[PDB]
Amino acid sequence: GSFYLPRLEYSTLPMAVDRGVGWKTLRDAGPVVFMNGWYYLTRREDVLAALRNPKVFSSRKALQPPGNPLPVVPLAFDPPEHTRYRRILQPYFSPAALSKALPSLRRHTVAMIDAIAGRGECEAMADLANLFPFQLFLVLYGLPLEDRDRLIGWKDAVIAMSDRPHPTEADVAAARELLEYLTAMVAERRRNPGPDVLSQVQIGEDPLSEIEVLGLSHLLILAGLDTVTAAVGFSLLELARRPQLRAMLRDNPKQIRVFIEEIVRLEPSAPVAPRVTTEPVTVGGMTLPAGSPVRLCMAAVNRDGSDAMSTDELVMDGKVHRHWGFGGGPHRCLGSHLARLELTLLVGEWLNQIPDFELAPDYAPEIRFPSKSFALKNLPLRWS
């Protein structure tokens, strides 16, 4: 039996400079590590089993908000409700379904790179990574392109206020404006359904309600955009400091795919998944009572050294690339195929117009830690 609970202060983890060092510090503390109210499960055997066991490791108990909120479709649901949502949404998010959008997404990506390439410099987060996901979101779901500025502003306000009592007056107005904006859209799509996703999920044999589509739309905006922003930054960072990799990847979709898998493996934008247990569980000989809040450490598992595909290094070769940067079990990222499509498009079109570039002088990449983001703070790039 394990009766001595390791405890760490989250804010002291050495995470700003090198995530490998940060996750190793946590993993080496033990299979179960208590930090700031949560039990972190750090080892592959436990993390993957837990992700794969929604009955025991509940998402709803960890993620259902208080009050009477918009339903967080499907993130905050357990089976059987979760299973229905995933069955309904799966066909719209498959590689084959999303591949049909590629000409449009490529055209918009090319235009975004076009405006940057002539400058010889940029700060890649503010100037591209922060803007690109919402741009493609408007394209994918048929929203007015001129609404990008205010939609990004609403998203940023809602994300920043989520973890914080005492909401600022500006914060509540932004949340209300976003809700009103999305509500009008969803109602129009129910009355006049086009061939698009948000229309089609509201009709057919098992239609979603307007409130369900509103909750889904909110979730896609809050969970599906900044995650890709973070991955764009890490993609361009690693390319900026690896000239021969840049050369190899230009016009090389097969290897760009491999590179993107490595970026998501090594710098997963959501490196832990929260759950609450529904019955006693024993992890590493330690028994946790029912109702225990746990955080499952996917990013640590991806780096645990247990095979050649799980090291702290960027590994471009090897016949197999696999990881849990998109999660695992039934909640595995609904948008994983979209994220891959968008990231590979971005890298390819960036290298087509900006094949050679470098970090600005005396720049040392860091994330803000602790914070609500595992993205780079900034990324100053130079070329020409």
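Counting begins at 1, following the sequence as shown.
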| query | finding |
| --- | --- |
| Between 163-171 and 251-259 (mean CA B-factor, as deposited), the higher | 163-171 |
| 64-72 versus 22-30 - which carries the larger mean C-alpha B factor in the record | 64-72 |
| Top Cα B factor in the deposited entry, candidates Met298, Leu198, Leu89, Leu266 | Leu198 |
| Candidate residues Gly291, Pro243, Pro103, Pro274, the one whose C-alpha B factor the record puts highest | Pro103 |
| Ranked C-alpha temperature factor of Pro355 among modelled chain residues, by third | middle |
| Ranked against its chain, the third holding the CA B-factor of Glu146 | highest |
| Third of the chain, ranked by Cα B-factor, where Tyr181 sits | highest |
| Ranked against its chain, the third holding the CA B-factor of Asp46 | middle |
| Third of the chain's Cα B-factor distribution that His108 belongs to, per the entry | middle |
